[PDB]
$ cat final-v8.cif   # mmCIF, C-alpha atoms
data_data
#
loop_
_atom_site.label_atom_id
_atom_site.label_comp_id
_atom_site.auth_asym_id
_atom_site.auth_seq_id
_atom_site.Cartn_x
_atom_site.Cartn_y
_atom_site.Cartn_z
CA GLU V 1010 -88.08 136.80 56.84
CA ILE V 1011 -86.28 137.59 60.11
CA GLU V 1012 -88.36 139.62 62.56
CA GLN V 1013 -85.66 139.90 65.23
CA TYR V 1014 -82.60 138.31 66.75
CA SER V 1015 -82.11 136.46 70.02
CA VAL V 1016 -79.15 134.54 71.44
CA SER V 1017 -79.55 132.31 74.49
CA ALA V 1018 -77.54 130.06 76.80
CA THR V 1019 -80.41 128.05 78.25
CA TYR V 1020 -79.25 125.15 80.43
CA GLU V 1021 -81.40 122.02 80.43
CA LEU V 1022 -81.21 118.58 82.03
CA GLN V 1023 -82.21 115.84 79.60
CA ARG V 1024 -83.66 112.47 80.62
CA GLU V 1025 -81.29 109.93 79.05
CA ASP V 1026 -83.34 106.82 79.85
CA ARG V 1027 -82.00 106.24 83.36
CA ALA V 1028 -79.23 108.86 83.19
CA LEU V 1029 -79.34 112.65 83.19
CA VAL V 1030 -77.52 114.84 80.67
CA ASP V 1031 -76.50 118.34 81.77
CA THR V 1032 -77.36 119.69 78.33
CA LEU V 1033 -76.13 123.26 77.83
CA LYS V 1034 -76.91 124.73 74.41
CA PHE V 1035 -75.85 128.03 72.83
CA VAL V 1036 -78.03 128.69 69.78
CA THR V 1037 -77.46 131.82 67.69
CA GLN V 1038 -80.34 131.61 65.22
CA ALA V 1039 -82.42 134.49 63.88
CA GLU V 1040 -86.10 134.50 64.77
CA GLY V 1041 -88.23 134.18 61.67
CA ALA V 1042 -88.36 132.32 58.38
CA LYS V 1043 -84.58 132.55 57.96
CA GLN V 1044 -83.18 130.55 60.89
CA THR V 1045 -79.48 131.37 61.29
CA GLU V 1046 -78.97 128.20 63.30
CA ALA V 1047 -75.49 127.98 64.79
CA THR V 1048 -75.58 126.08 68.08
CA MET V 1049 -72.62 124.99 70.22
CA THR V 1050 -74.12 122.33 72.48
CA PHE V 1051 -71.87 120.53 74.98
CA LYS V 1052 -73.74 117.64 76.58
CA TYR V 1053 -72.58 116.06 79.83
CA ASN V 1054 -73.99 112.87 81.34
CA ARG V 1055 -73.25 113.26 85.05
CA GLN V 1056 -74.87 109.88 85.77
CA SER V 1057 -72.53 108.18 83.28
CA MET V 1058 -69.47 110.52 83.30
CA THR V 1059 -69.95 111.06 79.56
CA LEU V 1060 -68.89 114.30 77.87
CA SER V 1061 -70.13 115.33 74.43
CA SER V 1062 -69.74 118.40 72.24
CA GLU V 1063 -72.01 119.33 69.32
CA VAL V 1064 -71.56 122.19 66.85
CA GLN V 1065 -73.79 122.39 63.76
CA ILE V 1066 -72.73 125.03 61.22
CA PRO V 1067 -74.50 124.45 57.88
CA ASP V 1068 -72.97 127.67 56.50
CA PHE V 1069 -69.75 125.73 55.88
CA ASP V 1070 -71.23 122.26 56.55
CA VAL V 1071 -69.40 122.24 59.89
CA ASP V 1072 -71.18 119.58 61.95
CA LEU V 1073 -68.61 118.30 64.43
CA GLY V 1074 -69.44 115.55 66.90
CA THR V 1075 -67.05 114.85 69.77
CA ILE V 1076 -68.16 112.13 72.19
CA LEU V 1077 -66.14 111.14 75.26
CA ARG V 1078 -67.55 107.93 76.73
CA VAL V 1079 -66.01 106.87 80.06
CA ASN V 1080 -67.01 103.58 81.66
CA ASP V 1081 -66.66 103.41 85.44
CA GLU V 1082 -65.88 99.73 86.00
CA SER V 1083 -63.52 99.97 88.99
CA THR V 1084 -64.58 98.01 92.07
CA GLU V 1085 -62.95 97.19 95.41
CA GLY V 1086 -61.31 94.08 93.94
CA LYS V 1087 -61.46 94.78 90.20
CA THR V 1088 -60.35 98.20 88.94
CA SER V 1089 -61.40 98.58 85.31
CA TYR V 1090 -62.28 101.35 82.86
CA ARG V 1091 -63.12 101.72 79.16
CA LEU V 1092 -62.00 105.08 77.78
CA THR V 1093 -63.52 105.99 74.42
CA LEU V 1094 -62.76 109.00 72.21
CA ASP V 1095 -65.02 109.00 69.14
CA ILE V 1096 -63.96 111.86 66.87
CA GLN V 1097 -66.64 112.20 64.18
CA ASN V 1098 -66.05 114.80 61.47
CA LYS V 1099 -69.40 115.60 59.86
CA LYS V 1100 -70.76 112.69 61.93
CA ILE V 1101 -68.12 110.46 60.28
CA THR V 1102 -65.91 108.69 62.80
CA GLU V 1103 -62.45 109.43 61.44
CA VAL V 1104 -60.43 109.26 64.67
CA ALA V 1105 -61.28 106.71 67.36
CA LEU V 1106 -59.35 106.28 70.62
CA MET V 1107 -60.42 103.29 72.72
CA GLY V 1108 -58.75 102.14 75.92
CA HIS V 1109 -59.30 98.84 77.73
CA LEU V 1110 -58.20 98.58 81.37
CA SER V 1111 -58.54 95.48 83.53
CA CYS V 1112 -55.77 96.21 86.05
CA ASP V 1113 -56.93 93.97 88.88
CA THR V 1114 -55.24 94.19 92.27
CA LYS V 1115 -54.69 90.45 92.76
CA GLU V 1116 -52.60 89.00 89.91
CA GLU V 1117 -53.76 90.35 86.56
CA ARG V 1118 -53.02 93.94 85.52
CA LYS V 1119 -54.38 94.40 82.00
CA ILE V 1120 -53.57 97.77 80.42
CA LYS V 1121 -54.48 98.21 76.76
CA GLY V 1122 -54.68 100.99 74.20
CA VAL V 1123 -56.23 101.11 70.74
CA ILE V 1124 -55.02 103.70 68.22
CA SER V 1125 -56.26 103.32 64.65
CA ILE V 1126 -57.38 105.69 61.91
CA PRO V 1127 -59.93 104.34 59.39
CA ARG V 1128 -59.19 107.14 56.90
CA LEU V 1129 -55.38 107.26 56.80
CA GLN V 1130 -54.54 103.73 58.01
CA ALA V 1131 -52.59 104.78 61.11
CA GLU V 1132 -52.82 101.80 63.44
CA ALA V 1133 -50.91 101.93 66.72
CA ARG V 1134 -50.96 99.52 69.66
CA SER V 1135 -50.23 99.94 73.35
CA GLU V 1136 -51.00 96.89 75.51
CA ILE V 1137 -49.45 96.27 78.93
CA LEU V 1138 -49.93 93.19 81.11
CA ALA V 1139 -48.24 92.52 84.46
CA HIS V 1140 -49.26 89.28 86.17
CA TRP V 1141 -48.66 89.88 89.87
CA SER V 1142 -47.34 87.01 91.96
CA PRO V 1143 -46.18 86.91 95.60
CA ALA V 1144 -43.22 84.60 94.86
CA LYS V 1145 -42.24 85.35 91.25
CA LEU V 1146 -43.23 88.17 88.91
CA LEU V 1147 -44.63 88.07 85.37
CA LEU V 1148 -44.75 91.09 83.08
CA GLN V 1149 -45.32 91.75 79.37
CA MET V 1150 -45.38 94.72 77.01
CA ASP V 1151 -46.99 95.39 73.62
CA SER V 1152 -46.46 98.50 71.49
CA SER V 1153 -47.08 98.11 67.76
CA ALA V 1154 -47.59 100.83 65.16
CA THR V 1155 -48.54 100.45 61.48
CA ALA V 1156 -49.16 103.61 59.45
CA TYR V 1157 -49.13 103.69 55.64
CA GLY V 1158 -47.77 100.16 55.94
CA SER V 1159 -44.84 101.06 58.22
CA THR V 1160 -44.73 97.94 60.38
CA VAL V 1161 -43.00 98.71 63.69
CA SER V 1162 -42.92 96.15 66.49
CA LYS V 1163 -41.17 95.80 69.85
CA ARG V 1164 -41.43 92.39 71.52
CA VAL V 1165 -39.78 92.30 74.95
CA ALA V 1166 -40.84 89.80 77.60
CA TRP V 1167 -39.36 89.05 81.01
CA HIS V 1168 -40.51 86.41 83.50
CA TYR V 1169 -39.14 85.45 86.90
CA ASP V 1170 -38.85 81.83 87.99
CA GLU V 1171 -37.11 79.92 90.76
CA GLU V 1172 -35.38 77.71 88.19
CA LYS V 1173 -34.47 80.05 85.35
CA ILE V 1174 -34.73 83.75 84.50
CA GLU V 1175 -35.14 84.77 80.87
CA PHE V 1176 -35.22 88.12 79.09
CA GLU V 1177 -35.63 88.55 75.34
CA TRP V 1178 -36.12 91.59 73.13
CA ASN V 1179 -37.39 91.82 69.55
CA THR V 1180 -37.39 95.17 67.72
CA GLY V 1181 -39.50 94.46 64.66
CA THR V 1182 -39.33 97.04 61.86
CA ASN V 1183 -40.04 95.95 58.27
CA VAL V 1184 -41.23 98.47 55.68
CA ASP V 1185 -42.00 97.05 52.24
CA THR V 1186 -41.58 99.11 49.07
CA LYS V 1187 -44.67 97.92 47.20
CA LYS V 1188 -46.68 98.08 50.43
CA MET V 1189 -45.66 101.73 50.85
CA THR V 1190 -46.50 102.44 47.20
CA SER V 1191 -49.96 100.90 47.49
CA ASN V 1192 -50.84 102.25 50.95
CA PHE V 1193 -49.58 105.78 50.37
CA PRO V 1194 -51.68 107.51 47.69
CA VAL V 1195 -49.07 108.15 45.00
CA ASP V 1196 -51.53 109.72 42.52
CA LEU V 1197 -53.00 113.22 42.71
CA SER V 1198 -56.63 113.94 41.85
CA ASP V 1199 -55.55 117.00 39.83
CA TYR V 1200 -52.28 116.11 38.10
CA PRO V 1201 -52.77 113.91 35.00
CA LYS V 1202 -55.33 116.45 33.78
CA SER V 1203 -52.84 119.29 34.28
CA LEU V 1204 -50.14 117.33 32.44
CA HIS V 1205 -52.49 116.58 29.54
CA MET V 1206 -53.56 120.22 29.28
CA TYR V 1207 -49.92 121.36 29.42
CA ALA V 1208 -49.05 118.95 26.60
CA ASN V 1209 -52.00 120.27 24.59
CA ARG V 1210 -50.88 123.87 25.14
CA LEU V 1211 -47.29 123.01 24.18
CA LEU V 1212 -48.36 121.22 20.99
CA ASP V 1213 -50.95 123.86 20.02
CA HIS V 1214 -48.60 126.85 20.32
CA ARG V 1215 -45.24 127.39 18.62
CA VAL V 1216 -43.15 129.94 16.73
CA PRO V 1217 -44.54 131.27 13.41
CA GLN V 1218 -43.07 130.98 9.89
CA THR V 1219 -42.73 127.27 10.74
CA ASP V 1220 -44.84 124.40 12.05
CA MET V 1221 -42.52 122.25 14.16
CA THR V 1222 -43.24 122.40 17.89
CA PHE V 1223 -40.95 121.96 20.88
CA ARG V 1224 -42.15 118.36 21.29
CA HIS V 1225 -40.01 117.22 18.35
CA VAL V 1226 -36.86 118.74 19.87
CA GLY V 1227 -37.85 117.31 23.24
CA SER V 1228 -38.14 113.82 21.78
CA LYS V 1229 -34.79 114.36 20.05
CA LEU V 1230 -33.14 115.28 23.35
CA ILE V 1231 -34.75 112.34 25.16
CA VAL V 1232 -33.44 110.02 22.44
CA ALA V 1233 -29.95 111.53 22.69
CA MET V 1234 -29.79 111.24 26.48
CA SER V 1235 -31.19 107.70 26.36
CA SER V 1236 -28.46 106.79 23.87
CA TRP V 1237 -25.88 108.29 26.23
CA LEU V 1238 -27.36 106.34 29.16
CA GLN V 1239 -27.21 103.06 27.25
CA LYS V 1240 -23.69 103.98 26.10
CA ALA V 1241 -22.32 103.39 29.61
CA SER V 1242 -22.36 100.13 31.57
CA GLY V 1243 -25.10 98.82 33.83
CA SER V 1244 -27.78 96.30 32.81
CA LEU V 1245 -30.61 96.59 35.32
CA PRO V 1246 -34.42 96.58 35.00
CA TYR V 1247 -34.36 100.04 36.57
CA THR V 1248 -32.72 101.26 33.36
CA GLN V 1249 -35.58 99.81 31.30
CA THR V 1250 -38.17 101.39 33.59
CA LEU V 1251 -36.26 104.66 33.17
CA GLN V 1252 -36.40 104.24 29.38
CA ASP V 1253 -40.17 103.75 29.58
CA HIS V 1254 -40.39 106.87 31.76
CA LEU V 1255 -38.37 108.82 29.18
CA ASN V 1256 -40.58 107.62 26.33
CA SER V 1257 -43.65 108.73 28.28
CA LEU V 1258 -41.99 112.08 29.06
CA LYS V 1259 -41.27 112.63 25.35
CA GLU V 1260 -44.90 113.78 25.01
CA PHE V 1261 -44.62 115.78 28.27
CA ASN V 1262 -47.35 113.85 30.10
CA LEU V 1263 -46.93 111.62 33.15
CA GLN V 1264 -49.21 109.81 35.60
CA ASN V 1265 -47.68 110.38 39.04
CA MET V 1266 -45.24 112.57 40.95
CA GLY V 1267 -41.53 111.88 40.72
CA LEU V 1268 -40.12 108.60 39.43
CA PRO V 1269 -42.07 105.31 39.69
CA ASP V 1270 -38.81 103.31 39.63
CA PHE V 1271 -37.93 101.59 42.92
CA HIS V 1272 -34.22 100.76 43.14
CA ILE V 1273 -34.54 99.66 46.78
CA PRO V 1274 -35.48 96.03 47.53
CA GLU V 1275 -39.20 95.44 47.85
CA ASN V 1276 -38.63 93.95 51.32
CA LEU V 1277 -36.71 96.28 53.64
CA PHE V 1278 -36.19 94.23 56.79
CA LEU V 1279 -34.42 95.52 59.90
CA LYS V 1280 -34.48 93.34 63.01
CA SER V 1281 -32.48 93.23 66.26
CA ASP V 1282 -32.88 89.78 67.80
CA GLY V 1283 -31.55 89.11 71.27
CA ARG V 1284 -32.21 87.35 74.56
CA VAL V 1285 -30.86 86.88 78.08
CA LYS V 1286 -30.85 83.38 79.56
CA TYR V 1287 -30.06 83.50 83.28
CA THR V 1288 -30.04 80.24 85.22
CA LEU V 1289 -30.56 80.02 88.99
CA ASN V 1290 -29.91 76.26 89.08
CA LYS V 1291 -33.35 75.06 90.26
CA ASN V 1292 -34.66 77.22 93.12
CA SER V 1293 -34.72 80.87 94.13
CA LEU V 1294 -34.76 82.52 97.57
CA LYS V 1295 -37.93 84.43 98.50
CA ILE V 1296 -37.23 86.38 101.69
CA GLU V 1297 -40.42 87.68 103.33
CA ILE V 1298 -39.12 90.63 105.34
CA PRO V 1299 -41.67 91.77 107.97
CA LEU V 1300 -42.67 95.43 107.62
CA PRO V 1301 -43.73 97.04 110.93
CA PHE V 1302 -46.40 99.75 110.96
CA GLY V 1303 -47.88 98.35 107.74
CA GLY V 1304 -51.26 97.64 106.23
CA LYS V 1305 -52.54 101.14 106.98
CA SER V 1306 -55.24 102.78 104.86
CA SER V 1307 -55.56 106.41 103.73
CA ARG V 1308 -57.34 107.64 106.88
CA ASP V 1309 -54.48 106.49 109.13
CA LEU V 1310 -52.01 108.89 107.48
CA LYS V 1311 -53.74 111.82 109.24
CA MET V 1312 -54.69 113.00 105.75
CA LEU V 1313 -58.08 113.30 104.08
CA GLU V 1314 -59.00 111.13 101.11
CA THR V 1315 -60.93 113.82 99.21
CA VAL V 1316 -59.86 117.46 99.34
CA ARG V 1317 -62.88 119.78 99.49
CA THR V 1318 -62.33 123.52 99.12
CA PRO V 1319 -64.44 125.90 101.24
CA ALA V 1320 -67.58 126.64 99.23
CA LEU V 1321 -68.03 130.42 99.36
CA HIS V 1322 -71.59 131.76 99.05
CA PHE V 1323 -71.49 135.50 99.71
CA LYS V 1324 -74.87 137.13 99.13
CA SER V 1325 -73.47 140.63 99.71
CA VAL V 1326 -71.54 140.52 96.41
CA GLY V 1327 -73.21 137.44 94.92
CA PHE V 1328 -70.00 135.39 94.94
CA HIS V 1329 -70.59 131.68 94.28
CA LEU V 1330 -67.83 129.08 94.67
CA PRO V 1331 -68.89 125.41 94.90
CA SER V 1332 -66.87 122.68 96.62
CA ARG V 1333 -64.26 121.39 94.16
CA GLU V 1334 -63.74 117.77 95.19
CA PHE V 1335 -60.23 116.50 94.43
CA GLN V 1336 -59.53 112.77 94.67
CA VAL V 1337 -56.18 111.75 96.17
CA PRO V 1338 -54.83 108.47 94.71
CA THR V 1339 -54.95 105.90 97.48
CA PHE V 1340 -51.99 103.69 98.40
CA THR V 1341 -51.77 100.74 100.80
CA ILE V 1342 -48.66 100.00 102.88
CA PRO V 1343 -47.42 96.41 102.46
CA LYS V 1344 -47.06 94.35 105.61
CA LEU V 1345 -44.35 92.09 104.14
CA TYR V 1346 -41.67 92.52 101.47
CA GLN V 1347 -40.84 89.81 98.92
CA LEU V 1348 -37.12 89.90 98.11
CA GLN V 1349 -35.51 87.68 95.47
CA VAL V 1350 -32.01 86.45 96.34
CA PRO V 1351 -30.26 85.01 93.24
CA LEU V 1352 -27.81 82.13 92.71
CA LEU V 1353 -24.74 81.40 90.55
CA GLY V 1354 -24.57 80.36 86.85
CA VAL V 1355 -24.82 79.04 84.24
CA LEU V 1356 -24.96 82.26 82.20
CA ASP V 1357 -25.71 82.50 78.48
CA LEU V 1358 -26.38 85.24 75.94
CA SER V 1359 -27.32 85.26 72.27
CA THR V 1360 -27.84 88.17 69.89
CA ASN V 1361 -28.48 88.11 66.15
CA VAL V 1362 -28.78 91.06 63.77
CA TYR V 1363 -30.70 90.85 60.49
CA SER V 1364 -30.32 94.02 58.43
CA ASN V 1365 -30.78 94.21 54.67
CA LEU V 1366 -28.13 91.93 53.10
CA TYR V 1367 -26.65 91.39 56.57
CA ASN V 1368 -27.16 88.31 58.77
CA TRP V 1369 -24.83 88.53 61.78
CA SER V 1370 -24.99 85.78 64.40
CA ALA V 1371 -23.40 85.61 67.84
CA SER V 1372 -23.66 83.16 70.72
CA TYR V 1373 -21.74 82.85 74.00
CA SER V 1374 -22.55 80.81 77.12
CA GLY V 1375 -20.06 81.47 79.90
CA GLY V 1376 -19.83 80.18 83.43
CA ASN V 1377 -19.08 76.78 84.90
CA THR V 1378 -21.80 74.34 83.89
CA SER V 1379 -21.37 72.51 87.21
CA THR V 1380 -20.23 74.13 90.44
CA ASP V 1381 -19.59 70.82 92.22
CA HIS V 1382 -18.09 69.13 89.14
CA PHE V 1383 -16.14 71.96 87.44
CA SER V 1384 -17.23 71.40 83.84
CA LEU V 1385 -16.28 74.72 82.27
CA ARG V 1386 -17.28 75.37 78.65
CA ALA V 1387 -17.05 79.05 77.70
CA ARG V 1388 -17.29 78.94 73.91
CA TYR V 1389 -18.26 81.87 71.69
CA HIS V 1390 -18.88 82.39 67.99
CA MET V 1391 -19.13 85.41 65.69
CA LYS V 1392 -20.61 85.03 62.20
CA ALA V 1393 -21.42 87.76 59.69
#
$ encode --input "final-v8.cif" --output "structure tokens"
Amino acid sequence: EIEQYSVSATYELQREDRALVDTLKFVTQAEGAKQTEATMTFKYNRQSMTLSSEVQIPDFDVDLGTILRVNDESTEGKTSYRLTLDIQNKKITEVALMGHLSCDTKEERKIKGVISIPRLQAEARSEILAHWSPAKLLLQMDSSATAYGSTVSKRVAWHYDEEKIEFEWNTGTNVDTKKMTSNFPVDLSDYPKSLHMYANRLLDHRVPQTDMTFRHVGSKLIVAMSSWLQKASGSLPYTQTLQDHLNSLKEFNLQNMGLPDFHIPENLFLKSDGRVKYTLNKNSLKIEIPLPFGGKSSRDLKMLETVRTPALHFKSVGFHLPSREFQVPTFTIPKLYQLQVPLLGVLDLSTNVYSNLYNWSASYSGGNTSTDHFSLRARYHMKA
């Protein structure tokens, strides 16, 4: 069926509509009726900065598809990109990594990140925005992560203003018991069958010269220990769930791993509230310090923008070394500096903690409410 073998590393250049794919394939098949196809192809779209990797191995059904799509959307006044990592296992997208960037150079600086897993429910967020402003400054942050129903949040926002300056923080972390139980697979594909077969083996095998099996003594011991448990104090539904578990265990057959009883509260909340309120009366001070020798571009630093190594083509020894072009991140020198000069009070803080069965509140606003009228009210409060 196979007349011979041949392995090749032929490089081709595919016509992707308008774009060109530097398709390099490494097939290792056997010539003849029996094709031992095992090809490691790694496509590259140089016209669209797209990298792909293909490996088909039907011997173990290994058909992995890795596609790296990069969108060049950066312009002279709008720097943007769309990073995409599509991890397909057996052509099934199981890990996807998408990034959205709209970091403009004028006011808006949108930085985003998408992290989710369709198979295991592992959703994570990373979104950054920073609204540029010559006078004030506006900035935000987003970083959320939910995996198996583990809700984690962090909400911190700060904004500058001539009147007031505010700064809050919110560390959200709530993990629910039933949500964990449902999201996390708590049942094994091969476990109830094993328990049933173990119970069958235990029942269908015992000492001779008699017919009682160990299940009778096991039920006796479960009854005795249940009687001892109910002998002591404590009237909770967890005890009744335990009794049901014991009755099920009497036959030596369960449904899941461990103990289904959940003594913890179904809602497990843990939050750290807090803020900063910082008054600057009504106006701020925006000093525009002149910066001499400013506004220069990359070429004025006596440095090159792109580093190009000497391409070495020596025919005597056949040495080939192309020009590796390295891009130096550009930076522009500001001509003026915006400096914010603050003012006096009023000052105020508040922070509240909400842990499980714990609601602690605090509030204090110090500082004279009026500089020119001397109305001081520095009152605090602590509640738990």
$ resolve_selection --input "final-v8.cif" --expression "the PyMOL selection byres ((chain V and resi 1313-1324) around 6)" --output "PDB file with C-alpha atoms, keeping the file's coordinate frame"
ATOM      1  CA  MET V1312     -54.690 113.000 105.750  1.00  0.00           C
ATOM      2  CA  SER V1325     -73.470 140.630  99.710  1.00  0.00           C
ATOM      3  CA  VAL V1326     -71.540 140.520  96.410  1.00  0.00           C
ATOM      4  CA  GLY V1327     -73.210 137.440  94.920  1.00  0.00           C
ATOM      5  CA  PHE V1328     -70.000 135.390  94.940  1.00  0.00           C
ATOM      6  CA  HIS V1329     -70.590 131.680  94.280  1.00  0.00           C
ATOM      7  CA  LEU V1330     -67.830 129.080  94.670  1.00  0.00           C
ATOM      8  CA  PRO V1331     -68.890 125.410  94.900  1.00  0.00           C
ATOM      9  CA  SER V1332     -66.870 122.680  96.620  1.00  0.00           C
ATOM     10  CA  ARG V1333     -64.260 121.390  94.160  1.00  0.00           C
ATOM     11  CA  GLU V1334     -63.740 117.770  95.190  1.00  0.00           C
ATOM     12  CA  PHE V1335     -60.230 116.500  94.430  1.00  0.00           C
ATOM     13  CA  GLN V1336     -59.530 112.770  94.670  1.00  0.00           C
ATOM     14  CA  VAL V1337     -56.180 111.750  96.170  1.00  0.00           C
TER      15      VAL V1337
END
$ closest_residue --input "final-v8.cif" --among "V:1298, V:1258, V:1268, V:1241" --to "residue V:1224" --atoms "only C-alpha atoms"
V:1258
$ resolve_selection --input "final-v8.cif" --expression "the PyMOL selection byres ((chain V and resi 1271-1283) around 7)" --output "JSON, numbers by chain"
{"V": [1177, 1178, 1179, 1180, 1181, 1182, 1183, 1184, 1185, 1186, 1187, 1247, 1269, 1270, 1284, 1359, 1360, 1361, 1362, 1363, 1364, 1365]}
$ write_last_selection --input "final-v8.cif" --atoms "C-alpha atoms" --output "PDB file, in the frame of the given file"
ATOM      1  CA  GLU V1177     -35.630  88.550  75.340  1.00  0.00           C
ATOM      2  CA  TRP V1178     -36.120  91.590  73.130  1.00  0.00           C
ATOM      3  CA  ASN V1179     -37.390  91.820  69.550  1.00  0.00           C
ATOM      4  CA  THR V1180     -37.390  95.170  67.720  1.00  0.00           C
ATOM      5  CA  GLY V1181     -39.500  94.460  64.660  1.00  0.00           C
ATOM      6  CA  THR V1182     -39.330  97.040  61.860  1.00  0.00           C
ATOM      7  CA  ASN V1183     -40.040  95.950  58.270  1.00  0.00           C
ATOM      8  CA  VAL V1184     -41.230  98.470  55.680  1.00  0.00           C
ATOM      9  CA  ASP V1185     -42.000  97.050  52.240  1.00  0.00           C
ATOM     10  CA  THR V1186     -41.580  99.110  49.070  1.00  0.00           C
ATOM     11  CA  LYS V1187     -44.670  97.920  47.200  1.00  0.00           C
ATOM     12  CA  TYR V1247     -34.360 100.040  36.570  1.00  0.00           C
ATOM     13  CA  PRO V1269     -42.070 105.310  39.690  1.00  0.00           C
ATOM     14  CA  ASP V1270     -38.810 103.310  39.630  1.00  0.00           C
ATOM     15  CA  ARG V1284     -32.210  87.350  74.560  1.00  0.00           C
ATOM     16  CA  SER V1359     -27.320  85.260  72.270  1.00  0.00           C
ATOM     17  CA  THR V1360     -27.840  88.170  69.890  1.00  0.00           C
ATOM     18  CA  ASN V1361     -28.480  88.110  66.150  1.00  0.00           C
ATOM     19  CA  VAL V1362     -28.780  91.060  63.770  1.00  0.00           C
ATOM     20  CA  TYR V1363     -30.700  90.850  60.490  1.00  0.00           C
ATOM     21  CA  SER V1364     -30.320  94.020  58.430  1.00  0.00           C
ATOM     22  CA  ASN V1365     -30.780  94.210  54.670  1.00  0.00           C
TER      23      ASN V1365
END
$ resolve_selection --input "final-v8.cif" --expression "the PyMOL selection byres ((chain V and resi 1190-1201) around 7)" --output "list in words"
residues 1157, 1158, 1186, 1187, 1188, 1189, 1202, 1203, 1204, 1205, 1263, 1264 and 1265 of chain V
$ atom_distance --input "final-v8.cif" --atom1 "atom CA of residue V:1370" --atom2 "atom CA of residue V:1159"
25.8 Å
$ atom_distance --input "final-v8.cif" --atom1 "atom CA of residue V:1093" --atom2 "atom CA of residue V:1127"
15.5 Å
$ atom_distance --input "final-v8.cif" --atom1 "atom CA of residue V:1089" --atom2 "atom CA of residue V:1346"
26.2 Å
$ closest_residue --input "final-v8.cif" --among "V:1011, V:1375, V:1303, V:1221" --to "residue V:1341" --atoms "all atoms listed in the file"
V:1303
$ closest_residue --input "final-v8.cif" --among "V:1095, V:1293, V:1035, V:1385" --to "residue V:1350" --atoms "only C-alpha atoms"
V:1293
$ closest_residue --input "final-v8.cif" --among "V:1131, V:1296, V:1126, V:1137" --to "residue V:1161" --atoms "all atoms listed in the file"
V:1131
$ residues_around --input "final-v8.cif" --residues "residue V:1087" --least-positions-apart "6" --cutoff "10 Å" --atoms "all atoms listed in the file" --output "PyMOL selection string"
chain V and resi 1111-1115+1117-1118
$ decode --input "final-v8.cif" --residues "stretch 1059-1071 of chain V" --atoms "N, CA and C atoms" --output "JSON list (two decimals), in the first residue's frame"
[["chain", "number", "residue", "atom", "x", "y", "z"],
["V", 1059, "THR", "N", -1.25, 38.19, 10.66],
["V", 1059, "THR", "CA", -2.03, 37.11, 11.24],
["V", 1059, "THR", "C", -1.17, 35.84, 11.27],
["V", 1060, "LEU", "N", -1.05, 35.24, 12.45],
["V", 1060, "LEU", "CA", -0.29, 34.01, 12.63],
["V", 1060, "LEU", "C", -1.24, 32.86, 12.94],
["V", 1061, "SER", "N", -1.03, 31.73, 12.27],
["V", 1061, "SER", "CA", -1.85, 30.55, 12.49],
["V", 1061, "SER", "C", -0.95, 29.32, 12.55],
["V", 1062, "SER", "N", -1.43, 28.30, 13.25],
["V", 1062, "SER", "CA", -0.69, 27.05, 13.40],
["V", 1062, "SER", "C", -1.67, 25.89, 13.28],
["V", 1063, "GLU", "N", -1.37, 24.94, 12.40],
["V", 1063, "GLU", "CA", -2.25, 23.81, 12.12],
["V", 1063, "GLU", "C", -1.47, 22.52, 12.24],
["V", 1064, "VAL", "N", -1.98, 21.59, 13.05],
["V", 1064, "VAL", "CA", -1.42, 20.26, 13.20],
["V", 1064, "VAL", "C", -2.57, 19.27, 13.18],
["V", 1065, "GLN", "N", -2.61, 18.41, 12.15],
["V", 1065, "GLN", "CA", -3.62, 17.37, 12.04],
["V", 1065, "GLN", "C", -2.95, 16.02, 12.30],
["V", 1066, "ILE", "N", -3.35, 15.36, 13.37],
["V", 1066, "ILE", "CA", -2.86, 14.03, 13.72],
["V", 1066, "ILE", "C", -4.06, 13.14, 13.96],
["V", 1067, "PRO", "N", -4.57, 12.46, 12.93],
["V", 1067, "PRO", "CA", -5.70, 11.55, 13.11],
["V", 1067, "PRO", "C", -5.36, 10.28, 13.88],
["V", 1068, "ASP", "N", -4.08, 9.99, 14.09],
["V", 1068, "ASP", "CA", -3.70, 8.80, 14.85],
["V", 1068, "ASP", "C", -4.25, 8.86, 16.27],
["V", 1069, "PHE", "N", -4.20, 10.04, 16.89],
["V", 1069, "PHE", "CA", -4.81, 10.28, 18.19],
["V", 1069, "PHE", "C", -5.86, 11.38, 18.13],
["V", 1070, "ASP", "N", -6.39, 11.65, 16.93],
["V", 1070, "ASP", "CA", -7.42, 12.67, 16.73],
["V", 1070, "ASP", "C", -6.94, 14.04, 17.17],
["V", 1071, "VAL", "N", -5.64, 14.29, 17.01],
["V", 1071, "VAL", "CA", -5.02, 15.54, 17.43],
["V", 1071, "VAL", "C", -5.09, 16.49, 16.24]]
